[PDB]
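What follows is a single chain, given as structure tokens, in the form deposited in one PDB entry.
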């Protein structure tokens, strides 16, 4: 079973008041690897305020910080299961920020909690 790694861009440039995407993908495809969770964190934030977005395969997204907050964040492509007919897909963890503010600038870390490989991460600087 191959190791997995988090593919990101090192820097993304956004426009104030606009939307920007932070690509994040778990590579390569590894049959049998289970993605238990994905999170986005601001690693330079106070330690108890690092998590800004999370995604669970069965329960979907959460946004455990008021800023940027649910209203200004979306998982662009991640899918949760909503019934017997639908399966989760967390491999593309790309995050969008909406209504960009100056306080949104900085480092963002995309982390996949996987089994059996454990947790792996990649970091992007959002420049606004």
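Take the two forms, find the largest set of C-alpha atoms that superpose within 1.5 Å, and that set is the rigid core. Numbering follows the first chain given and starts at 1. Only residues modelled in both forms are compared.
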Unresolved residue 84 in a third or more of other entries flanked by modelled residues: yes
Using only C-alpha atoms and the B-factors in the entry, which stretch averages higher, 43-51 or 76-84? 76-84
With B-factors read from the PDB entry, the higher C-alpha mean of 31-39 and 98-106 is in 98-106
On the chain's distribution of Cα B-factors, residue 120 falls within the third called lowest
Rank-wise, by C-alpha B-factor, drop residue 16 into the lowest, middle or highest third of its chain. highest
Chain thirds by Cα B factor, record data; residue 67 belongs to the highest
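From this point on, the text means the form deposited in another entry, which you will not see here.
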With the core lined up, does the C-alpha of residue 36 move 2 Å or more between this form and the one not shown? no
If we fit on the core, is the Cα of residue 82 displaced 2 Å or more between this form and the one not shown? yes
Residue shift check between this form and the one not shown, rigid core fit, residue 47 Cα at least 2 Å: yes
Core fitted, what stretches of 3+ consecutive residues have C-alphas moving by 2 Å or more between this form and the one not shown? 47-49, 82-87
